[PDB]
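A single chain, nothing else alongside it, follows as structure tokens in the form solved without adenosine-5'-triphosphate.
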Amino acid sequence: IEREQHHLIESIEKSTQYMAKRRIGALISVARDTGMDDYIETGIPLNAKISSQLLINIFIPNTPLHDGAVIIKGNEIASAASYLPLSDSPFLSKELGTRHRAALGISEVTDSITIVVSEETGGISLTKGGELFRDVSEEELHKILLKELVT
């Protein structure tokens, strides 16, 4: 139980660090108490073991799986290329793309934690409860993943 949360955070940090250094857009939504069943159906069901290697391969550009969101439920990568609700927020910075707006929209209707990697800048962002934390350091990302994903 404790080890599953450790691997999940490590898999997220390693994968996003890889993609951030290569300007690879990413969109990983980790479900919590709410339940994102209807949003898992919108993509390709994987029900896969969580690994940093698989997360990297999913968001590779011009691939069948990169256009959408990875949804992590339980101890599995539930699906890839899934579609999340888009937030109509006017406060989200105009220079942020569809990935950030979809990450913001899912945080407004679920208690899930969502991670974003900008394909334009390589910055990492987080969304929770209708708010976005932009361009986080590895230390900031680690603290928030601990606070939100560890029970």
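Only residues modelled in both forms are compared. The numbering used is simple: start at 1 and walk along the sequence shown. Superpose the two forms; the largest set of C-alphas matching within 1.5 Å is the rigid core.
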Do the C-alpha atoms of 60 to 68 or of 32 to 40 have the higher average B factor in the entry? 32 to 40
For the C-alpha atoms alone, is the average B factor greater in 102 to 110 or in 89 to 97, going by the entry? 89 to 97
Taking only the Cα B-factors deposited for this chain, tell me whether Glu140 sits in the lowest, middle or highest third. middle
Considering every modelled residue of the chain and its Cα B-factor in the PDB entry, is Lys128 in the lowest, middle or highest third? lowest
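The following text describes the form deposited with adenosine-5'-triphosphate bound, which does not appear among the structures shown.
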For the ligand-free chain shown, place adenosine-5'-triphosphate by superposition of the C-alphas around its site using the coordinates in the deposited bound form, and mark the site blocked if 3 or more ligand atoms sit within 2.4 Å of backbone or C-beta atoms, otherwise open. blocked
Quick one: from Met36, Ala102, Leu55, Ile124, grab the residue that has a heavy atom within 4.5 Å of adenosine-5'-triphosphate in the deposited bound form. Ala102
Given that adenosine-5'-triphosphate is not shown alongside this chain, does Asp67 nevertheless sit within 4.5 Å of it in the deposited bound form, heavy atom to heavy atom? yes
Does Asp88 reach adenosine-5'-triphosphate in the deposited bound form if we count a contact as any heavy atom within 4.5 Å? no
Taking heavy atoms and a 4.5 Å cut-off, does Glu119 contact adenosine-5'-triphosphate in the deposited bound form? yes
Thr110: heavy atom within 4.5 Å of adenosine-5'-triphosphate in the deposited bound form? no
If I superpose on the rigid core and flag every C-alpha moving 2 Å or more, which consecutive runs of 3+ residues come out between this form and the one not shown, in sequence order? 33 to 35
